Amino acid sequence: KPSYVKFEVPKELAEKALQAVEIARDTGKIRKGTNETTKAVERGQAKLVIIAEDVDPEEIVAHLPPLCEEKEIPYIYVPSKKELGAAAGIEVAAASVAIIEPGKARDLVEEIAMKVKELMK
Amino acid sequence: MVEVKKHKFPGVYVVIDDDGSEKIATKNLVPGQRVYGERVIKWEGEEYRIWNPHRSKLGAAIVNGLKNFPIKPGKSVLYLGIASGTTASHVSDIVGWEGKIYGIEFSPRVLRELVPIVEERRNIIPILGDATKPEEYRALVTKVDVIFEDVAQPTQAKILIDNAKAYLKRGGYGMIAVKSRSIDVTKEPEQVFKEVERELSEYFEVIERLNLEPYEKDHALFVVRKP
Amino acid sequence: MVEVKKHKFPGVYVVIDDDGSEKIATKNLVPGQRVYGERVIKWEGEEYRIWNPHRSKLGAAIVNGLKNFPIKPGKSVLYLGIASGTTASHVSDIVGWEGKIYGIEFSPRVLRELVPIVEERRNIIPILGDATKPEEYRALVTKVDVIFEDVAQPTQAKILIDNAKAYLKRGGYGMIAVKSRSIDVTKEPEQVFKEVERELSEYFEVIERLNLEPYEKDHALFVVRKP
Amino acid sequence: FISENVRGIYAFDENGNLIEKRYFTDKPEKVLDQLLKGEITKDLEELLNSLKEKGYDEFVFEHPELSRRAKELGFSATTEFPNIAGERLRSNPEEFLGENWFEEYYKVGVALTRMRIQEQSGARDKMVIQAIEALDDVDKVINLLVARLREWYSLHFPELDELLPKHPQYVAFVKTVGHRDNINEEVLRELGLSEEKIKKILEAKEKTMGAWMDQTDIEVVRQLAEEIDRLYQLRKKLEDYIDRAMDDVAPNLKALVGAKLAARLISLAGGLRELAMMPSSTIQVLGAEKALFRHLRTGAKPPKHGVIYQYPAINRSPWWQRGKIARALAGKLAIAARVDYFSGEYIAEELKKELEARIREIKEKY
Amino acid sequence: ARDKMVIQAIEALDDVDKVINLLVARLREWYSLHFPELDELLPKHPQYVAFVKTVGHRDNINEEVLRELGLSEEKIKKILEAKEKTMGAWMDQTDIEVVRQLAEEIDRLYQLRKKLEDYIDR
RNA sequence: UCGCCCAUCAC
RNA sequence: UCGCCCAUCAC
């Protein structure tokens, strides 16, 4: 049971956050894996950050929620690290991913950010 | 000029020095080795090493009045407080290759300077542990003919008793070096040795008690038998 | 994992390590002290210190293949172009307490920093004066087995020759680090090296000549003997 | 009821008859230190199951905490050290260890003694208190010698004490240059000034109201300042050791590598929160700041390893792999800091099994 | 300002001896955790400093190193007698080197003390 | 994170 | 624009 999933989500938005990576892949600027995600949050470059639900140990991703909140960045969760890596253009997995310029996804990242902001209540 | 002779005890020797004076010694278990930074000499085919009464403390009791010397070649012995082998190197010389020595020490860097020496002196086994926690070596030793103790701790009379439950055979012997200022440094030492006198006589038959002055300070030794 | 080994030259050492390639080293004349922030190994009764070849050409020349090396345990030597003496620290180790080392420098302030280091390294004497003018230190030097030159001023052939008139014994050795570009920048270095060879071979015999390539460029080491 | 030796685990009845025996199949010094300290191993867990399956119930053991783990496993267990199982086992070594029994006891006894090379000690609180008053004293000798250095250099540049309040900076200047007239902007930039401060000193370059310290007077003032760097290094030896004497309640970050490295990792981060937020691809180079500086200014050769260098997997592995080990070693340290900040469970021996798995690969691949 | 520089060197000579006394008081108290019999036995402060600098751990004590440090055969008839019977606690190899480094930096301060005396002499 | 140059001004 | 000796700080 991961502890970093600090809000429960409806049957919506999560597949739309995976879609927001798939349409940014060849159109925008992305950082993939948790250490480049941490660089992209620390340097304030991220416009959305995404973490997988199947990361074990959790103490590799466990720092991301307070580190991105203390920097005013939108965050969301998705079901698995292999699918998240494959959407982020790589053949392995990624425990987390950040979108730095969403390319084609700019208006969908604004839908995700504004609708997540209404369930963080 | 030096010469070498036998003592009254098995495996114990005497050396003659360049004035003519007599001093106690043993036959070296591994010729060419130095074992505690000591005086060592060669004789008829063999090598012989000094027993210093200040450094290998049991030697002071041998000079001052010890009669009850229970060890022989080919026997089994437990040694508590083996340190860097200062005293126990002389029981390793006496007990031989058919005999067995288990050596317990708590202080890791002190036992570390014995580990290379027992890479040759393979009749000693080096065991890291507090002798006040004897369960933490229950699987590493046999029963024994004799126990010796040189850890000199505040409750050391109980250490001898509970190791004699776990390891000593029926009618087997115990020996113990007692440092008064470990148990108490405010009272008269003969009162500290009177508390050891009443605890050893609560589980053993007692057969020797001594003083190590002038070779040591505030220091005694006892010998006992298990029922 | 590391191992300390002897080199093919008396007093010179080698280390091999966790990459396993050879590095040049010396047995420390004064164990525990540092000179330049060197790599070090403490050993069985000893201490060894490394000379990094990118810090002085004479280290790089010994790595490249210099075979006729004359500086050896207990010899007497005079060296010019020492500054604060990193070179001098390693020949102090190689020569030991049995020998004698003079070090002459012309740059006045950079020699100052060696002055306390020779209160431990008391086989070195530091001397301030023009390497081209032997007469300026004539009272505080003696006859030597070896001369070394690595000021490598435009005058350096006269530096070596006139110090080798005054101080080098019959049958004694010389070494010089020929800085081609500071003797003549108007011609190919092999013409500079050929005049240095033809002037030195009208007083010495030449025993070996080395270009420092492929480690460094356009500088050479020559080694010679006086009859 | 049960007792053990260097070859296996044995169960006996109250007349001394054997019931069952099992043998070790991993390096036995580990299996022994667990069983000696009352911790249960898999061959004992199967043996006590086989005894309950064969219908036996009078479970008396030698060590108190083994009886404690047995009643936590549900079994109604008691303790007595001189019991018949330990008596049978220790009396007849040839039944349980074979003909060469003392050589097998020797072979494993020296290995067990080599893993028992201890940390944690019963007197380290007294050492923390002496290290704390020694930091208080050494910070005080530095303030006294820097006050003497300020009053003495005020004979050459009296405005300089009224301009530079920081104590290390006032010594670093004298270690590096010391001569007032050899100052320029570039040697004030590295000295850690700010632009609004760098025009001062220079505004007074000739026209300071101080006298003339000789080229031979600045020598004794420099030899005094050079000793204050060795005392700042003593202050730093103590400021590393104050945590090294507290850490005998061992964190995961300590136990994965060693105490002086854990203390310096937190010292360079500024806190465990900061270290638990840093990535592996920063913890790799943490503390290498005089390498980061020269690289940032040039785009030349990048920094290879930080504070993690002084650990055997890097300072005794080939230079070809002193970068390749550093990234993943910083990753398992980045997890250890997050475990110590968020989780609080102790897993250091599994982080060591996992770090040795990547190091094993780096010894087969190359 | 040569005499004013000598005055600051004279104030430095009393301030250096005064901080040597301070760090020696800590060195006595801290090393007494590991060898408490030493404190009454070595009264001379630089002889206590150089002892701890070169010995570090109490089992590096030998007749040879005490006779190199220039102690008398009398003083060497003690120290060794006390090493075989000490009532002190246990500092590890990792701990006792910190007390050795404290003694080494006090021998740095005693060398600076001579550089102040030799500066004034010029 | 660090450096240079033209014009003008001063000892 | 380049050469060597040399300290110190660092990878």
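That block above? That's the structure.
Residues numbered from 1 in each chain as written, not as in the entry; some residues may be left out. Chains lettered and ligands numbered in written order. Part of a larger assembly, values for the part shown. Heavy atoms only, no water.

J.: Which residues make up the sheet that holds strand β1 (residues 3–6) of chain C, and what values do they have?
T.: Residue and element names in this part refer to chain C. Across the sheet, which stays open at both edges, the five strands sit in the order β1-β2-β3-β5-β4 with antiparallel pairing between neighbours. Edge positions in the sheet fall to β1 and β4 (40–43), since each has one partner strand and no second. When strand polarity is set aside, the average angle formed by the axes of neighbouring strands in this sheet is 35 degrees. Strand direction decides the pairing type here: β1 and strand β2 (residues 13–16), joined by four bridges, are antiparallel. Within β2, the position partnered with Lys6 by the bridge is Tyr13. (Pairing = 2+ DSSP bridges. Helix = DSSP H or I, 4+ residues; strand = E, 2+ residues; numbered from the N terminus. Axes fitted to C-alpha atoms, helices over the stretch in contact; angles between N-to-C directions.)

J.: Which residues make up the protein's contact with RNA strand F, and what are the values?
T.: Residues and elements named next belong to chain D. Around RNA strand F, the surrounding shell consists of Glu186, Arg189, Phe293, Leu296 and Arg297. Per the 4 Å cut-off to the protein, sugar and phosphate atoms form 86% of the nearby atoms of RNA strand F. In the model, a phosphate oxygen of RNA strand F is placed 2.8 Å from a nitrogen or oxygen of the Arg189 side chain. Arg297 has a polar side-chain atom sitting 2.9 Å from a sugar or linking oxygen of RNA strand F. Taken together, the residues of the surface near RNA strand F break down into two nonpolar, no polar and three charged. (Near = heavy atom within 4 Å. Polar contact = N/O pair within 3.5 Å; in protein donor to acceptor, adjacent residues only side chain to side chain. Nonpolar A, V, L, I, M, F, W, Y, C, P; charged D, E, K, R; others polar.)

J.: Could you give an account of the pairing of β4(C), with specific residues and numbers?
T.: All names here are of chain C. Two elements, β4 and strand β5 (residues 46–50), share four bridges in a ladder whose sense is antiparallel. Among the inter-strand pairings, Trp43 is bridged to a residue of β5, identified as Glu46. Hairpin geometry of β4 and β5 is characterised by an intervening segment of two residues between the two adjacent antiparallel strands and by a positive phi of about 75 degrees at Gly45.

J.: Mind laying out the interface of chain D and chain E, listing which residues take part and the relevant values?
T.: Counting residues at the interface gives 35 residues for chain D, matched by 34 residues for chain E. In total, chain D and chain E occlude about 3300 Å² of area from one another, counting both sides; carbon and sulfur atoms represent 69% of this. For the chain D face of the interface with chain E, the top three residues by lost area are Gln130(D), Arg148(D) and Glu227(D), together amounting to 17%. A salt bridge links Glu105(E) to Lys237(D); the shortest N-O distance between them is 2.7 Å. Applying the counting criterion to the chain D and chain E interface returns 13 residue pairs in polar contact. Here the side of chain D that touches chain E gets 16 residues from one element, more than from any other, and that element is helix α7 (residues 124–153) of chain D. (Contact = heavy atoms within 4.5 Å. Buried area = accessible area lost by both parts, 1.4 Å probe. Salt bridge = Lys/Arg side-chain N within 4 Å of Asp/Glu carboxyl O.)

J.: Got a sec to walk through the sheet that holds strand β6 (residues 76–80) of chain C? Specific residues and values, please.
T.: In sheet architecture, strand pairing relies on hydrogen bonds along the backbone and comes in two forms, parallel and antiparallel. Residues and elements named next belong to chain C. The seven strands lie next to each other as β8-β7-β6-β9-β10-β12-β11, forming an open sheet whose pairing is mixed. Each edge of the open sheet is held by one strand with a lone partner, namely β8 (124–128) and β11 (205–211). Each neighbouring strand pair of the sheet contributes to a mean axis angle of 15 degrees, computed without reference to strand direction. As paired elements, strand β9 (residues 144–149) and strand β10 (residues 168–179) share five bridges and run parallel to each other.

J.: Run through the packing of aromatic side chains, naming residues and quoting values.
T.: Scanning the entire structure with this criterion turns up 27 aromatic pairs over all chains. Ring geometry for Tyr102(B) versus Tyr105(D): centroids 6.3 Å apart, planes at 80 degrees, classification edge-to-face. Of the two residues, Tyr102(B) is situated in strand β7 (residues 100–105) and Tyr105(D) in helix α6 (residues 101–115); the pairing between them involves two chains. The pair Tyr102(B) / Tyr105(D) is uniform in exposure class, with both members buried. Just above the ring of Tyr203(B) sits the side chain of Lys165(B); from NZ or CZ to the centre is 5.5 Å. Between the NZ or CZ atom of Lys52(D) and the centre of the ring of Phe75(D), over which it lies, the distance is 3.5 Å. (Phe/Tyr/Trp six-rings, centres within 6.5 Å; stacked < 30°, edge-to-face > 60°. Buried < 20%, exposed > 50% of the residue type's maximum accessible area, 1.4 Å probe, protein only. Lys NZ or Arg CZ within 6 Å of the ring centre and 35° of its normal.)

J.: Report on the side chain of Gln284(D), specifying residues and quantitative values.
T.: Residues and elements named next belong to chain D. Among the structural elements, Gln284 can be located in the loop between α15 (280–283) and α16 (289–296). Side-chain polar atoms of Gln284 contact the backbone oxygen of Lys304, separated by 3.0 Å. Excluding residues within four positions of it along the chain, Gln284 makes contact with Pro303, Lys304, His305, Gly306, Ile308, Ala326, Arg327 and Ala330.

J.: How would you explain the pattern of salt bridges if you had to name every residue and give the values?
T.: Summed over the entire model, instances satisfying the criterion amount to 117 salt bridges over all chains. For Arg138(B), the salt bridge identified is with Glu62(D), shortest N-O distance 2.8 Å. Highlighted residues: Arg138(B) in the loop between β8 (124–128) and β9 (144–149) and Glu62(D) in the loop between β4 (60–61) and α3 (64–72), drawn from two different chains. For the pair shown, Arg138(B) and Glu62(D) are each scored as buried. Linking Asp93(C) and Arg121(C) is a salt bridge whose minimum nitrogen-to-oxygen distance equals 2.7 Å.

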